[PDB]
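So this first bit is one chain, no partners, the form deposited in one PDB entry, shown in structure tokens.
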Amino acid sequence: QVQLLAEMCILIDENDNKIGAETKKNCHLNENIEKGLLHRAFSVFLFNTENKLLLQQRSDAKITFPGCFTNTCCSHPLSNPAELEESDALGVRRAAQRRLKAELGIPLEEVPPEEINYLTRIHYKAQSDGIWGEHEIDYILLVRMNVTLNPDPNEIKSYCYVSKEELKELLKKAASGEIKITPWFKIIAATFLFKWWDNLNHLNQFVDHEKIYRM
């Protein structure tokens, strides 16, 4: 069940400069996060062609945030030449295509890197339990397209396309404890998500490849 070699994450400084690599496990231990260990990540927000946002629910088997709802795909570029590539954020866009297939079963041809749009970067920290957490500079990637979903149940328990109002209702259910959402998704929904969603045809104003936002 466990792979022979551990997956590697890209270690970065607070300015998103590559400074090394560490195992996925080590990158997500609270004890290391508290020493400042920070890694590169991405977060895909995919909208269908009626502007419904695609949410995933993480499988109960995931190490961090099992069973939690979040946006379309939250994962990491690998520490290899393909995904280390920083020109036009190609590395993270390639990573996103890779994980859209692995997690949601979306064929590669449906989401080529060229159609994955890099908006901005957000630096955040979160805790999952007593052992595990998150600490990332997260590339925000936006997609609007109809895709064919066949998730790997080992990765994804369910998915849901939500309108703005449906999301608002879902967040109410999370607040009452009826369902679980990741700390990332909670904070992004509270800060930027609806601003982007109200402006899907005018996103250029939100493109910022210089400033790294903090939340």
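All residue numbers refer to positions in the sequence shown, first residue = 1.
One more form of this protein exists, namely the form solved in complex with a small molecule; it is left out here, but the text below deals with it.
Trainee: Answer yes or no: in the deposited complex, does the small molecule come within 4.5 Å of a heavy atom in every one of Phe45, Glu83 and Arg94?
Mentor: Looking in the deposited complex, the three residues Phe45, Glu83 and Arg94 all stay beyond 4.5 Å of the small molecule (heavy atoms).
Trainee: Going by heavy atom distances of 4.5 angstroms or less, which of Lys62, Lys173, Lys168, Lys52 would be at the interface with the small molecule in the deposited complex?
Mentor: Checking each option against the small molecule in the deposited complex, the one that comes within 4.5 Å is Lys62.
Trainee: If we define contact as a non-hydrogen atom of the residue within 4.5 angstroms of the partner, is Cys74 a contact of the small molecule in the deposited complex?
Mentor: Residue-level check for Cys74: yes, a contact with the small molecule.
Trainee: Evaluate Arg99 for contact with the small molecule in the deposited complex, applying a 4.5 angstroms cut-off between non-hydrogen atoms, and reply yes or no.
Mentor: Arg99: contacts the small molecule in the deposited complex.
Trainee: Report yes if any heavy atom of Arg58 sits within 4.5 Å of a heavy atom of the small molecule in the deposited complex; otherwise report no.
Mentor: Yes, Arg58 lies within 4.5 Å of the small molecule in the deposited complex.
Trainee: Classify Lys24 as contacting or not contacting the small molecule in the deposited complex by the rule of any non-hydrogen atom within 4.5 angstroms, answering yes or no.
Mentor: Within the cut-off, so yes.
Trainee: Sort through 30 to 38, 173 to 181, 62 to 70, 157 to 165 and report the only stretch with a non-hydrogen atom within 4.5 Å of the small molecule in the deposited complex.
Mentor: Comparing against the small molecule in the deposited complex, the contact stretch is 62 to 70.
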